[PDB]
Amino acid sequence: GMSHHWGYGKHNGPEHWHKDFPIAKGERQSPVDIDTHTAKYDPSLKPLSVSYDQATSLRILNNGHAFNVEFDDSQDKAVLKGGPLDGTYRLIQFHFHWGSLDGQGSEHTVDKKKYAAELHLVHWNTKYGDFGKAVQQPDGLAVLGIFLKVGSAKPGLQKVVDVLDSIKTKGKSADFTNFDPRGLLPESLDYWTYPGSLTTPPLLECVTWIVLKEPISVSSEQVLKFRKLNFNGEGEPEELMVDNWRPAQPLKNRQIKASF
Ligand SMILES: NS(=O)(=O)c1ccc(C(=O)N2CCc3cc(O)c(O)cc3[C@H]2c2ccccc2)cc1
Ligand SMILES: [Zn+2]
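Per the working numbering, the sequence shown runs over residues 997 to 1256.
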């Protein structure tokens, strides 16, 4: 990806991605708008299982598109299973997408409603051995999406907010151990699910999306700190990292299922 130049600007944004990543106009692209009235309850959907008790965070990195909190996935620790998933998916990293204003920022939408941000907890199917091989499979990844709305502060997120000053620009990373992702989950695990893809290039169609119905609340100060990050690297013209979200894509031949 040393030649990648896609971004979220006017000249390299989502509308341009298809030129280097033709799958952008594929049959199962993400994100999508979740029409709550069209989504059908699926009684066969088993309960979702989120086991982050042994999660081991290692580092936080500004990759120029977002910031990723990375976990040690060399062992079966933080895993996602159940729900529409068959097998075990291991947590590798989480990141967010947010806007320049509270009225936008999420990638998925609910009845066209846009949230201030969206958290993505990325997991890969252990039957494929590693992340690189998993992304080449239709059921290689499971991403748990959680909407963020602005209101009361999320205590469990503050540790992330305070370390952002150390990774302001692209390429910067910082030690980030002992962070518990369980502090970022809402109370309920009710969710919608559908087959889709990564929302950033290479836009591979390797994701089973599980989007929680209940958003979490974060404070205006917390999201404000997110908006102080930079897309550019150190010593380059300052480009605030905001609106790093891809808009809803055509649902096409897909059905969104509800666990409730
Ligand atoms: N938004 S999302 O669909 O949840 C998503 C999931 C995984 C990833 C991811 O973990 N990686 C690795 C880091 C990376 C760096 C880039 O510059 C980039 O353009 C994409 C990624 C993706 C990635 C996924 C699959 C193959 C290669 C890279 C990114 C986004
Ligand atoms: Zn994402």
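Cβ coordinates follow ideal geometry from the N, Cα and C atoms, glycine included.
For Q1089, there is no enclosing alpha helix (DSSP H); the residue is part of the beta strand (DSSP E) that begins and ends at 1085-1094. Counted as a single uninterrupted DSSP element, the stretch harbouring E1023 is not any alpha helix (DSSP H), since DSSP gives it neither H nor E.
In the structure shown, the three-state DSSP call for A1130 is helix.
Within 10 angstroms of the beta-carbon of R1024 lie 16 or more other beta-carbons, which makes it buried. Inclusion of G1141 and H1116 in the CB contact set at 8 Å is warranted, their separation being smaller than that value.
If you look at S1216, you'll find it in the alpha helix (DSSP H) that goes 1216-1222. In terms of side-chain proximity, the C-beta atom of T1195 is found nearer than 7 Å to a non-hydrogen atom of ligand 1.
It is roughly 6 Å from the alpha-carbon of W1241 to the alpha-carbon of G1101. By the CB criterion at 8 Å, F1063 and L1087 fall outside the cutoff.
For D1171, the enclosing beta strand (DSSP E) has its first and last residue at 1169-1171. Boundaries of the alpha helix (DSSP H) harbouring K1155: 1154-1159, taken from the DSSP string. Apart from sequence neighbours up to five positions away, the residues of its chain that approach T1165 with a beta-carbon distance below 7 Å are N1058, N1226, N1228, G1229, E1230, ordered along the chain. Assignment of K1036 by DSSP, reduced to helix, strand and coil, places it in the strand class.
According to the DSSP secondary-structure assignment, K1253 is paired through a beta bridge with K1036, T1189. By the criterion of at least three beta-carbon pairs nearer than 8 Å, the region 1010-1030 is in contact with the region 1241-1250. For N1059, the distance from the CB to the nearest heavy atom of ligand 1 is below 7 Å. In this model, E1210 and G1147 are separated by some 14 Å (Cα to Cα).
In this structure, the beta-carbon distance from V1214 to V1156 does not fall below 8 Å.
Annotated as distal: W1013 and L1200, with beta-carbon spacing of 8 Å or more. DSSP places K1145 in the uninterrupted beta strand (DSSP E) bounded by 1137-1146. Taking C-beta separations shorter than 6 Å and ignoring five residues to either side along the sequence, the partners of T1105 in its chain run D1029, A1244, following chain order.
Nearest C-alpha to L1076 among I1206, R1250, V1238, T1032: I1206.
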